[PDB]
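J.: Have a look at this one before I ask anything.
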Amino acid sequence: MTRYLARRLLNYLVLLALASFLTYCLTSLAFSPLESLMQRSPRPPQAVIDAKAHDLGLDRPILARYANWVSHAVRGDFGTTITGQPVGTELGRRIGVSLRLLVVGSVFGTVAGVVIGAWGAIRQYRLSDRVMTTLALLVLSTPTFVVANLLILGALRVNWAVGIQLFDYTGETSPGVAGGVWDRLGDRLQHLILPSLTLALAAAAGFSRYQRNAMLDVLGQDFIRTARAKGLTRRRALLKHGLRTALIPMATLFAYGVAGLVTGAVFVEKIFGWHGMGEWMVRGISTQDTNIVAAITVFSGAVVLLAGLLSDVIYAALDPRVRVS
Amino acid sequence: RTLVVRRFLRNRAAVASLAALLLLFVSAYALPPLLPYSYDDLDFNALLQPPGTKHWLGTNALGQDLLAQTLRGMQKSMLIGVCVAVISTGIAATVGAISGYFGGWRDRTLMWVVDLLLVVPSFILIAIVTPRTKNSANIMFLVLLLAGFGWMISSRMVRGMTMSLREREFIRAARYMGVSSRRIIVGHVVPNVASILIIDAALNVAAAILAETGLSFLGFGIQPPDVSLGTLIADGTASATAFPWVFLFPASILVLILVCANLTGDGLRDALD
Amino acid sequence: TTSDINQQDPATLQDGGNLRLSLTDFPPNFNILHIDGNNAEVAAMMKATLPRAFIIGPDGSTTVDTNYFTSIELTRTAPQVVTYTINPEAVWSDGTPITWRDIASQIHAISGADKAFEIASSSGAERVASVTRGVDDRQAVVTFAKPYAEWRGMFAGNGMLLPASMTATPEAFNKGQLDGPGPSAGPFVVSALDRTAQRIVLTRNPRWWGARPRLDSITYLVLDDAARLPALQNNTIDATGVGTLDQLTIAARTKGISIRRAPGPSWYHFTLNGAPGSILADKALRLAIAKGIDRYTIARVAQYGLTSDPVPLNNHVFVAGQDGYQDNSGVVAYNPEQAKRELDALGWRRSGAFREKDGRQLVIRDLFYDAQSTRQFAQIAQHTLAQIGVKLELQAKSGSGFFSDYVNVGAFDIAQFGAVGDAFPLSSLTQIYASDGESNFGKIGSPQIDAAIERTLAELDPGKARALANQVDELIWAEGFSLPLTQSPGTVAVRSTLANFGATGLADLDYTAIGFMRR
Amino acid sequence: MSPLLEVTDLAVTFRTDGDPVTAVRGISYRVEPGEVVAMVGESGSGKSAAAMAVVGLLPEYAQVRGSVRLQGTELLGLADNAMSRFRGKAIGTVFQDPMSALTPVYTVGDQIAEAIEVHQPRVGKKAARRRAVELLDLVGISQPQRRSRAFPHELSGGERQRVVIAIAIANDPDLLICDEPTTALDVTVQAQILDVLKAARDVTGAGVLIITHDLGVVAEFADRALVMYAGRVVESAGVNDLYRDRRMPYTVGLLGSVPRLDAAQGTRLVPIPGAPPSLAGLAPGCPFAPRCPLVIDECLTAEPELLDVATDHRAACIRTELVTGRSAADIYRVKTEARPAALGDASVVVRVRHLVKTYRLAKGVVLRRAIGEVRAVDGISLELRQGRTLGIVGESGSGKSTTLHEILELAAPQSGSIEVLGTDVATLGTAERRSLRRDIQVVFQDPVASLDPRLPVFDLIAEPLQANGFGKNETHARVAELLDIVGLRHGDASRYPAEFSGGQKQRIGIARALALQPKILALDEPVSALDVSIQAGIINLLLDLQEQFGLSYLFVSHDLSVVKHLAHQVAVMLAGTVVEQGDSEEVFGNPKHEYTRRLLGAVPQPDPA
Ligand code: SF4
């Protein structure tokens, strides 16, 4: 075990170290943050341009700029935005806000998707499978922003029809809430209902299909029939002997669903007004600011690789063909 | 060929979806020259109207006819989706084929490069690059970008296929009798991989439409005065609460397109079991 | 005119209750004259708690306020002496009686004679010559040096009176009011500012010589301007300005919430760059392009479901509610058959598509704020100019860089942003409309308008001051200056229980009567 | 007494897209304690369907009728929660494929503990695991205490079959049901498994129902036999009577086409023509009518009934009177006499000296290390003469197929010298390499993988011809002549491979190998994986081709019954070393090494006397 879970960690470290470099050359080539201050009809005097470029660091080749960026990042300094404000002040808050949403969405999505996929593959071609495999198609065929706006419209209709504010769809938390931990927690859940449901739908939709294929592959093998030939019932043999063997492939696809969730979180945060990494990324590419984006891509790579490593730990724990051979 | 076609023909849902896709494409390109209102005309006397006898699908907040705007969005979005799917399939096929054919440390290096590319979500990288493509009349560059950052997930399947089929018996049998390698490639591998490449393109269609529309929603994709479906949705959600049709019509169309694409893909895949 | 508060008599309104309003940020400086200190929101907050001399009706008519100044009366014309008399029974929050010392201190602070201050503007106290003793201690007498027509503009309207202890010493004015205000004279007094909680609270004053507030508290939150409608839904705040049709519809379909509309003094307008080098350099082209844009259509399309029969704003100085608002707009009438006809006769004949002088093409840069509501005006002007050949290229600048990099120094050919009218408009001019004076971006101006602008506010009679102001308005419309597009239809959504509080536009609220509807 | 198992009028039909295949059509039998009944048959005859219908483990779409009574209580229509009270506690099932018959995430000791723990509830795991170790010892796994913790991927096929048997007999059942337990196993492993099964029946005292397709296992294990054709029992009698006094013509063909180590080289078998009927919508009459060598028109009107022929003997035929006492050759009208071998050319066409091939072993998925050099090919010296055959015999893991595929690469090995027709392949430029590949051609193992799935038979057969310089006027004639030589009809020259039946694909493979008139064929187990009645036809085809053309074969096989028939010389391979050589009769009758006699002793023989 602790020879497959070590060589699988140096690989992640190398991958992240090189990704944080290739996506800084890519950023410093794509972004030209002075393209608007070198194009005004009363073009500013050159000495202004030189001062601004020197202050913004675009005077040395890309390699030196990246070297200084790392030399500062490892020491807890993340540069400044294009308007002077530092990045380290906001980074912790944005990371916390994004992680709160990602964890909930992923957990609920994968659990529901695994259950639905198993149910569909067990009950193949019955009515329940037929309805679920097309609900998954619908959920998988509507983009994230369409789902989010439809949920906002539905929440508004429900609030107007009922007569009281059942649903809230704005901000991580509601303003002006003085109280203990319980009050704030209830308020936080009240807001967390919808944005996380938006990601849970897509995660469950993907994982249902993947789990259904895996369980179909398992049901085509002969250890279920053997297990039933010792006296186990159909359900006991299907859950104890057949489902657990079908759980193994899922632990390899988790790092892909997590990347999908990271992609969809940008939309979920822009539409519902959350203050996290998706909003920050949109604001950073809109104004072409290098340090914000260079931090966000590093965070995204780290979150994908962390999910990958935890999925690999799970896979080692479940599948004995890697613990021993 | 005949058995496969009549295997698909069986799938009524798949053929219905494929006919719907072709109908939508043809109507998007051939109907606008027949409508009373062009996509650019502004009708300032009928703002935010319901589907009526003059504007057949109503207007948005500016008086623009909604039907013509939706048709132009469909043109742009579907054309981009098809082109990106084709290019991405080509790139994935070539990389996966060479990596799985050389084998050994060439294969190891190429697959490691693919993983390194997959480490960061593709949407993030596309959005990072997009400031350069935007402000350019040609949509060639947008297609090139969406294709060049969307092949890395299917090239692994292509490599698995190439490795599996390189060792299959009839290849070695062709070797053992003097069949020239070029003749092997033109006669024994291409007919046995063409169909699965077609399937891969059929799914990358929907993948690319999703990516491009999501890009246009945030403002990074197609820029005014051109319109894609994502742009129409983004404009519609601004006044979705008062008059919901302006948001629900393009959204519905988009969902329809995606459903059709996905259905066709799945059907075609299951028709090549 | 016709403010639209829930008019209920103060007596029957129940005694007590809170009033939770909102802000946009915690005011770094509380001094309302200091350059950073002053603002719309902070001035609105301090409105309730400071002294003022004049209260303005629904149409900008000024009447003396008997609470504080028993009688502010001008008495002479050659030196322009005005006798401000303080109410005998008046004192501050710390018990020091209000006397002419406060007036003298604030006039000296605003004078700008010693530039140890950061005062917003020396308007109204640069012409002052001397304020000295009266017959009794509770009277000031101000003698001016240059006769002034706007003299009501100090200690009135948007500018209140400050304690002598806070405007006399320059250090206090600079740096004093940073953690809470000093003494106050208004029926409420600020009692707690939980900067850690992002909240201000005002509570009933102990020493009010006048009436009794029908309220108890005006606690102010700091909500950001996006969770400001979704917080009136809860019982968090009960007042909001709704801007769009989307949030107007959201608010109208709610229990307990009523929407009240009386046009606020906030308009939105185009402005043209007359600096040498840009295309809009000459009078004739500037004045012939503006004859090919439909402002009536722009208004009627922009605010569709906000008002009924929306007409644009066609006066540069006075907003719709005010008195003296005649249509000053006859120089431009939109007809594209006189626009296109002196346009090509001018020398811009029609080439392929857009017309061009053959040494250059009509392309006009239109920088606007990136918001969605501001883009409609550009997209309509563009389509109604295309019929003439003027290609209007519209550049969507955004946020912070708009007023500093691009607008502040030419870098534009036609820029759209919002001004703000006031019930004392005679000072917006001699700032914006003149050869010099800041906020005149696109440096258009003439010697005669500058000659006729010092005669509109060297007058001594409002009935004639308005006429001179409107003649200035003729002179400014007549040379391609700017196009006033729309006037914001001030709509506030408030809890239907509130009384004597709502949308009053330019007019001023009575904070002694607001209260709550009984039960 | 209620007989242990009584099946009456059982009928099983699945349901597919088209016609519902009626797999089993009305069989009936009875098993008593302490007795072995073997259902013989091959390809699609519904033996396995009958087994899984008796147990209850048929797929969820199969429709079952009839009557099945276990010791007195019926089993058809019992609910799952009520039928699972018999499985394991009174029925013990052994399945066919061991390589995927055990769940791969549990230790085998735990899987036997679960077997013994579900039916005895209060045994306590501390006793269940001890009993699991006892069972592992009893079946015969070496040193079981440690292996009681080995996950199923750490065992060879024989070990896995032993564990499956241990699971089957865990609870001391009363009826064992073995469903081809020893197919896909090595010869010696199979003999050991049969010994284990006999021991299990003796300790348990149960009655066994074993389902095989080969006749040696029947003659060496069983006590009665039931021959199955087209979903019906066609003959049933004791093993001695069945081998000695068979009556149904299908049984005659089935017993006449089984190779024997007793036979001399070049002896022909008796192949039954045709292919088994498709069970979806039979035609009336005897199902054997299309292939029967005695079929008359009466046989077509009505389907015969299992009729009493002798003392405890039943045949489903109406012309048995003409089968008693006649040898299979006489009924099927074939000549099995080995033709007198003419004086062939005695030169040498293949000659290998001291050949050696290495294989590195690497542990580590992402990064590989060098720990060992497994020598699957160690020091081989053999040779082949003109017009003769050399059969290389060994078990899986003996490095015989890799030796063949190393010879066929016509390149210089790491050591040793390879001579083909007189040219040392180290001295072979690519032009001569292409010029020589026209004199040695190969026939593969898997018929369906060795043929392009989407090419008509004409293209497959003419591929060697088109790739070597023949005009469109000549390849047509040559392909037409080749189909008649191998045996297919000219009308198949436009049919895709996927619609041929098992043996015809191998026939096409032989034809393709035969195109350029080579002087050496390299056969890689091209006849195993086929029904016996088709193996006989292909074997006769090979013998006749060698007799007529003058070919030289290199026959690699795992079983020796056919190597006796074909090979002139043999070569036994052990772990990559040729341990015996010489003329086939001497090695196969008077062996020397210990491995060779272990191998010969472990082969079944269809003589039950
Ligand atoms: S009954 Fe007739 S067709 Fe059937 S096996 Fe006997 S002779 Fe042959």
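Labels for the structure tokens follow display order: chains A, B, ..., residues from 1 in each chain, ligands from 1.
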Go through the chains and note each residue within 7 Å of ligand 1, using only C-alpha atoms and all ligand atoms, then give the set as a PyMOL selection string.

T.: chain D and resi 248-250+286-289+292-296+299+304+316-320

J.: Give me the residues within 10 Å of residue 91 in chain B as a list in words, counting only C-alpha atoms and dropping any in the same chain fewer than 2 places off.

T.: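 The neighbour list is residues 86, 87, 88, 89, 93, 94, 95, 96, 97, 147, 148, 150, 151, 152, 154 and 155 of chain B.
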
J.: Please produce an output containing C-alpha atoms for each residue in the selection, written as a PDB file, in the first residue's frame.

T.:
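In the end it all went to part.pdb:
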```
ATOM      1  CA  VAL B  86     -14.825  17.517 -36.299  1.00  0.00           C
ATOM      2  CA  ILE B  87     -11.499  19.199 -35.538  1.00  0.00           C
ATOM      3  CA  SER B  88     -11.313  17.815 -31.999  1.00  0.00           C
ATOM      4  CA  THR B  89     -11.998  14.288 -33.221  1.00  0.00           C
ATOM      5  CA  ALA B  93      -7.469  10.435 -33.369  1.00  0.00           C
ATOM      6  CA  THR B  94      -4.017  11.394 -34.591  1.00  0.00           C
ATOM      7  CA  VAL B  95      -2.486  11.780 -31.127  1.00  0.00           C
ATOM      8  CA  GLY B  96      -4.037   8.619 -29.712  1.00  0.00           C
ATOM      9  CA  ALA B  97      -3.130   6.598 -32.790  1.00  0.00           C
ATOM     10  CA  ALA B 147     -11.049  22.275 -30.692  1.00  0.00           C
ATOM     11  CA  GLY B 148      -7.460  22.532 -29.488  1.00  0.00           C
ATOM     12  CA  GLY B 150     -11.112  19.606 -26.056  1.00  0.00           C
ATOM     13  CA  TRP B 151      -9.479  16.500 -27.519  1.00  0.00           C
ATOM     14  CA  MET B 152      -7.517  15.267 -24.510  1.00  0.00           C
ATOM     15  CA  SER B 154     -11.083  10.952 -26.022  1.00  0.00           C
ATOM     16  CA  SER B 155      -7.514  10.439 -27.228  1.00  0.00           C
TER      17      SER B 155
END
```

J.: Pick out the chain B residues within 8 Å of chain D. Count only C-alpha atoms. Give them as a PyMOL selection string.

T.: chain B and resi 168-170+173+176-180+188

J.: For the residues selected in the previous step, produce a file with N, CA, C and O atoms as a PDB file, in the first residue's frame.

T.:
```
ATOM      1  N   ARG B 168      -4.474  -7.802 -32.291  1.00  0.00           N
ATOM      2  CA  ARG B 168      -5.468  -8.766 -32.728  1.00  0.00           C
ATOM      3  C   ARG B 168      -4.907  -9.610 -33.866  1.00  0.00           C
ATOM      4  O   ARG B 168      -4.025  -9.181 -34.609  1.00  0.00           O
ATOM      5  N   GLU B 169      -5.431 -10.830 -33.994  1.00  0.00           N
ATOM      6  CA  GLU B 169      -4.728 -11.856 -34.757  1.00  0.00           C
ATOM      7  C   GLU B 169      -4.575 -11.483 -36.226  1.00  0.00           C
ATOM      8  O   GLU B 169      -3.505 -11.683 -36.806  1.00  0.00           O
ATOM      9  N   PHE B 170      -5.625 -10.952 -36.860  1.00  0.00           N
ATOM     10  CA  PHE B 170      -5.551 -10.806 -38.310  1.00  0.00           C
ATOM     11  C   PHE B 170      -4.499  -9.799 -38.740  1.00  0.00           C
ATOM     12  O   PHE B 170      -4.006  -9.886 -39.866  1.00  0.00           O
ATOM     13  N   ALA B 173      -1.538 -11.941 -38.907  1.00  0.00           N
ATOM     14  CA  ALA B 173      -1.711 -12.819 -40.057  1.00  0.00           C
ATOM     15  C   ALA B 173      -1.386 -12.096 -41.353  1.00  0.00           C
ATOM     16  O   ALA B 173      -0.786 -12.677 -42.261  1.00  0.00           O
ATOM     17  N   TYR B 176       2.338 -11.962 -41.616  1.00  0.00           N
ATOM     18  CA  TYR B 176       2.960 -13.246 -41.938  1.00  0.00           C
ATOM     19  C   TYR B 176       2.770 -13.670 -43.357  1.00  0.00           C
ATOM     20  O   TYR B 176       3.125 -14.820 -43.627  1.00  0.00           O
ATOM     21  N   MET B 177       2.239 -12.887 -44.293  1.00  0.00           N
ATOM     22  CA  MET B 177       2.121 -13.341 -45.669  1.00  0.00           C
ATOM     23  C   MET B 177       2.672 -12.361 -46.688  1.00  0.00           C
ATOM     24  O   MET B 177       2.631 -12.659 -47.884  1.00  0.00           O
ATOM     25  N   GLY B 178       3.189 -11.219 -46.261  1.00  0.00           N
ATOM     26  CA  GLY B 178       3.785 -10.273 -47.173  1.00  0.00           C
ATOM     27  C   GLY B 178       2.944  -9.063 -47.493  1.00  0.00           C
ATOM     28  O   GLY B 178       3.265  -8.346 -48.447  1.00  0.00           O
ATOM     29  N   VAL B 179       1.881  -8.808 -46.737  1.00  0.00           N
ATOM     30  CA  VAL B 179       1.039  -7.651 -47.003  1.00  0.00           C
ATOM     31  C   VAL B 179       1.787  -6.396 -46.576  1.00  0.00           C
ATOM     32  O   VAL B 179       2.215  -6.269 -45.424  1.00  0.00           O
ATOM     33  N   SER B 180       1.934  -5.455 -47.505  1.00  0.00           N
ATOM     34  CA  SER B 180       2.680  -4.235 -47.237  1.00  0.00           C
ATOM     35  C   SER B 180       2.005  -3.414 -46.146  1.00  0.00           C
ATOM     36  O   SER B 180       0.777  -3.356 -46.049  1.00  0.00           O
ATOM     37  N   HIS B 188      -7.051  -2.596 -43.331  1.00  0.00           N
ATOM     38  CA  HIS B 188      -7.360  -3.404 -42.158  1.00  0.00           C
ATOM     39  C   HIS B 188      -7.639  -2.617 -40.890  1.00  0.00           C
ATOM     40  O   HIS B 188      -8.364  -3.121 -40.032  1.00  0.00           O
TER      41      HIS B 188
END
```

J.: Please return, as an MDAnalysis selection string, all residues of chain B lying within 8 Å of chain A when only C-alpha atoms are considered.

T.: chainID B and resid 116:117 119:121 123:125 127:132 210 214 218 237 241 251 254:255 258:259 262

J.: Could you write those residues out with N, CA, C and O atoms, as an mmCIF file, in the first residue's frame?

T.:
```cif
data_model
loop_
_atom_site.group_PDB
_atom_site.id
_atom_site.type_symbol
_atom_site.label_atom_id
_atom_site.label_comp_id
_atom_site.auth_asym_id
_atom_site.auth_seq_id
_atom_site.Cartn_x
_atom_site.Cartn_y
_atom_site.Cartn_z
ATOM 1 N N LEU B 116 -1.166 15.748 -17.875
ATOM 2 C CA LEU B 116 -0.747 17.086 -17.477
ATOM 3 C C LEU B 116 -1.677 18.139 -18.051
ATOM 4 O O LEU B 116 -1.943 19.159 -17.411
ATOM 5 N N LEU B 117 -2.158 17.929 -19.274
ATOM 6 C CA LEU B 117 -3.117 18.863 -19.852
ATOM 7 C C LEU B 117 -4.458 18.778 -19.143
ATOM 8 O O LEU B 117 -5.143 19.790 -18.973
ATOM 9 N N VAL B 119 -4.970 18.268 -16.065
ATOM 10 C CA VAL B 119 -4.913 18.606 -14.642
ATOM 11 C C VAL B 119 -5.804 19.804 -14.317
ATOM 12 O O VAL B 119 -6.415 19.857 -13.246
ATOM 13 N N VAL B 120 -5.878 20.787 -15.209
ATOM 14 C CA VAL B 120 -6.655 22.001 -14.949
ATOM 15 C C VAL B 120 -7.884 21.997 -15.852
ATOM 16 O O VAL B 120 -7.764 21.690 -17.046
ATOM 17 N N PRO B 121 -9.070 22.349 -15.352
ATOM 18 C CA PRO B 121 -10.277 22.207 -16.173
ATOM 19 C C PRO B 121 -10.160 22.967 -17.483
ATOM 20 O O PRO B 121 -9.611 24.067 -17.539
ATOM 21 N N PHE B 123 -12.344 24.444 -19.382
ATOM 22 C CA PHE B 123 -13.044 25.717 -19.462
ATOM 23 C C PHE B 123 -12.178 26.850 -18.933
ATOM 24 O O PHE B 123 -12.179 27.953 -19.487
ATOM 25 N N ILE B 124 -11.416 26.594 -17.871
ATOM 26 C CA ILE B 124 -10.568 27.638 -17.304
ATOM 27 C C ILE B 124 -9.525 28.079 -18.321
ATOM 28 O O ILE B 124 -9.302 29.275 -18.525
ATOM 29 N N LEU B 125 -8.872 27.122 -18.976
ATOM 30 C CA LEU B 125 -7.832 27.478 -19.938
ATOM 31 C C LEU B 125 -8.417 28.202 -21.142
ATOM 32 O O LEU B 125 -7.837 29.181 -21.636
ATOM 33 N N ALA B 127 -11.131 30.039 -21.227
ATOM 34 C CA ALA B 127 -11.471 31.387 -20.799
ATOM 35 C C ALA B 127 -10.228 32.234 -20.594
ATOM 36 O O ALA B 127 -10.268 33.451 -20.784
ATOM 37 N N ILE B 128 -9.120 31.626 -20.182
ATOM 38 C CA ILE B 128 -7.888 32.392 -20.029
ATOM 39 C C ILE B 128 -7.426 32.917 -21.376
ATOM 40 O O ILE B 128 -6.997 34.067 -21.498
ATOM 41 N N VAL B 129 -7.474 32.073 -22.403
ATOM 42 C CA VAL B 129 -6.952 32.495 -23.701
ATOM 43 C C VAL B 129 -7.905 33.448 -24.408
ATOM 44 O O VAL B 129 -7.473 34.256 -25.234
ATOM 45 N N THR B 130 -9.195 33.384 -24.112
ATOM 46 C CA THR B 130 -10.183 34.028 -24.975
ATOM 47 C C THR B 130 -10.052 35.538 -25.181
ATOM 48 O O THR B 130 -10.612 36.042 -26.160
ATOM 49 N N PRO B 131 -9.390 36.317 -24.319
ATOM 50 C CA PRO B 131 -9.256 37.746 -24.646
ATOM 51 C C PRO B 131 -8.610 38.003 -25.989
ATOM 52 O O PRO B 131 -8.872 39.044 -26.601
ATOM 53 N N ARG B 132 -7.753 37.104 -26.466
ATOM 54 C CA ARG B 132 -7.116 37.323 -27.759
ATOM 55 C C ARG B 132 -8.075 37.050 -28.906
ATOM 56 O O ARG B 132 -8.109 37.800 -29.885
ATOM 57 N N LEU B 210 -22.046 22.769 -25.744
ATOM 58 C CA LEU B 210 -22.109 23.161 -24.341
ATOM 59 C C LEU B 210 -20.996 24.136 -23.999
ATOM 60 O O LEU B 210 -21.239 25.187 -23.395
ATOM 61 N N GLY B 214 -21.710 28.074 -22.964
ATOM 62 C CA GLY B 214 -21.321 28.515 -21.638
ATOM 63 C C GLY B 214 -20.323 29.648 -21.696
ATOM 64 O O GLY B 214 -20.367 30.569 -20.882
ATOM 65 N N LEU B 218 -21.037 34.181 -20.283
ATOM 66 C CA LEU B 218 -20.313 35.078 -19.393
ATOM 67 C C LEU B 218 -19.815 36.330 -20.099
ATOM 68 O O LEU B 218 -19.459 37.301 -19.428
ATOM 69 N N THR B 237 -32.231 36.622 -19.264
ATOM 70 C CA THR B 237 -32.344 36.506 -17.810
ATOM 71 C C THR B 237 -32.389 37.865 -17.131
ATOM 72 O O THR B 237 -32.783 37.946 -15.964
ATOM 73 N N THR B 241 -38.030 37.840 -15.049
ATOM 74 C CA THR B 241 -39.098 37.805 -14.056
ATOM 75 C C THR B 241 -40.374 38.443 -14.586
ATOM 76 O O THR B 241 -41.468 37.900 -14.400
ATOM 77 N N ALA B 251 -33.790 29.251 -24.366
ATOM 78 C CA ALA B 251 -33.357 28.160 -23.508
ATOM 79 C C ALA B 251 -33.972 26.854 -23.972
ATOM 80 O O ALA B 251 -33.258 25.869 -24.203
ATOM 81 N N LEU B 254 -32.273 25.618 -27.019
ATOM 82 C CA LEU B 254 -30.965 25.051 -26.750
ATOM 83 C C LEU B 254 -31.111 23.665 -26.158
ATOM 84 O O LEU B 254 -30.488 22.709 -26.634
ATOM 85 N N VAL B 255 -32.006 23.512 -25.183
ATOM 86 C CA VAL B 255 -32.153 22.206 -24.563
ATOM 87 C C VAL B 255 -32.556 21.201 -25.624
ATOM 88 O O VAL B 255 -31.962 20.119 -25.733
ATOM 89 N N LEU B 258 -29.601 20.096 -27.596
ATOM 90 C CA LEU B 258 -28.690 19.225 -26.877
ATOM 91 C C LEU B 258 -29.308 17.854 -26.702
ATOM 92 O O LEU B 258 -28.662 16.840 -26.993
ATOM 93 N N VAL B 259 -30.596 17.799 -26.364
ATOM 94 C CA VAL B 259 -31.223 16.497 -26.219
ATOM 95 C C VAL B 259 -31.049 15.728 -27.514
ATOM 96 O O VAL B 259 -30.511 14.612 -27.528
ATOM 97 N N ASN B 262 -27.531 14.422 -27.970
ATOM 98 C CA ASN B 262 -27.180 13.325 -27.087
ATOM 99 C C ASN B 262 -27.904 12.070 -27.523
ATOM 100 O O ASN B 262 -27.282 11.012 -27.687
#
```

J.: Once you count only C-alpha atoms, which residues of chain B turn out to be within 10 Å of chain C? Could you give them as a PDB file with C-alpha atoms, in the first residue's frame?

T.:
```
ATOM      1  CA  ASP B  40     -31.417  43.586 -37.053  1.00  0.00           C
ATOM      2  CA  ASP B  41     -34.614  45.604 -37.525  1.00  0.00           C
ATOM      3  CA  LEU B  42     -35.923  47.376 -34.418  1.00  0.00           C
ATOM      4  CA  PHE B  44     -40.104  50.377 -31.242  1.00  0.00           C
ATOM      5  CA  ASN B  45     -43.917  50.188 -31.153  1.00  0.00           C
ATOM      6  CA  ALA B  46     -44.102  46.598 -29.824  1.00  0.00           C
ATOM      7  CA  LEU B  47     -41.803  46.055 -26.844  1.00  0.00           C
ATOM      8  CA  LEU B  48     -41.871  42.841 -24.828  1.00  0.00           C
ATOM      9  CA  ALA B  61     -37.023  44.640 -24.593  1.00  0.00           C
ATOM     10  CA  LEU B  62     -35.626  46.454 -27.654  1.00  0.00           C
ATOM     11  CA  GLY B  63     -38.329  45.496 -30.140  1.00  0.00           C
ATOM     12  CA  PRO B 225     -23.693  42.683 -32.664  1.00  0.00           C
ATOM     13  CA  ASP B 235     -29.856  38.979 -22.327  1.00  0.00           C
ATOM     14  CA  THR B 237     -32.344  36.506 -17.810  1.00  0.00           C
ATOM     15  CA  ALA B 238     -32.053  40.258 -17.226  1.00  0.00           C
ATOM     16  CA  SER B 239     -35.835  40.620 -17.616  1.00  0.00           C
ATOM     17  CA  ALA B 240     -36.901  37.020 -17.058  1.00  0.00           C
ATOM     18  CA  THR B 241     -39.098  37.805 -14.056  1.00  0.00           C
ATOM     19  CA  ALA B 242     -41.445  40.295 -15.727  1.00  0.00           C
ATOM     20  CA  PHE B 243     -41.851  38.600 -19.125  1.00  0.00           C
TER      21      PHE B 243
END
```

J.: Return the neighbours of chain C among the residues of chain A, cut-off 10 Å, counting only C-alpha atoms, as a list in words.

T.: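 That gives the following set of residues: residues 36, 37, 39, 40, 41, 42, 43, 44, 83, 156, 159, 160, 161, 163, 164, 165, 168, 169, 170, 171, 174, 175, 176, 177, 178, 273, 286 and 287 of chain A.
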
J.: So, with only C-alpha atoms as the atoms that count, which of B:82, B:68, B:194, B:126 lies closest to residue 227 in chain B?

T.: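 When distances to residue 227 in chain B are compared using only C-alpha atoms, the smallest one comes from B:68.
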
J.: Taking the DSSP secondary structure from the backbone, can you list the residues of range 153-364 of chain D that are alpha helix (DSSP H), as a ChimeraX atom specification?

T.: /D:157-168,187-204,215-221,239-244,249-256,298-301,328-332

J.: Find the distance between CA of residue 76 in chain A and CA of residue 91 in chain A and write it in Å to one decimal.

T.: 10.8 Å
